[PDB]
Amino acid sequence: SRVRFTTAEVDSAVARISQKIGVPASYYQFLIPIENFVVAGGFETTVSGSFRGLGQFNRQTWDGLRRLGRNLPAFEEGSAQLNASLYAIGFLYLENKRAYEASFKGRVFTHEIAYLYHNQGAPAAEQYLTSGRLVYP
């Protein structure tokens, strides 16, 4: 119920995909080790149960991206796949960047904030920020 990926293949795919869709590679570099099992030379990612793949998506959020017109494989296929899982992380980043920039005009959508949105979901993350829960330097 896990898939193992190598550092080399993740780095290559992230470089290609980040370029294609305009999401910084450094965001992936932050998120992937946070969400997955870091092993010598790569990662293991859970592809069974409710939260799957490098992004640790649930089915409702994966399908939510597909509802937007993002071309992704089905949840159970794409989460076990390197490229699709990376596209999904990035597509979600892009939706969240738009949401954040509309809710919080004049502020930067940082990697930290992007991950807060990824992990909590946009409705909860917006409320977390509006309620003053993120500490800033």
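Heads up: residue numbers just count along the shown sequence, starting at 1.
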property	result
Residue stretch of maximal mean CA temperature factor, 94 to 102 vs 80 to 88	80 to 88
Selected stretch [higher average CA B-factor]: 128 to 136 or 2 to 10	128 to 136
Top Cα B factor in the deposited entry, candidates 43, 27, 51, 109	51
Largest Cα B-factor, entry values, listed residues 33, 64, 69, 55	69
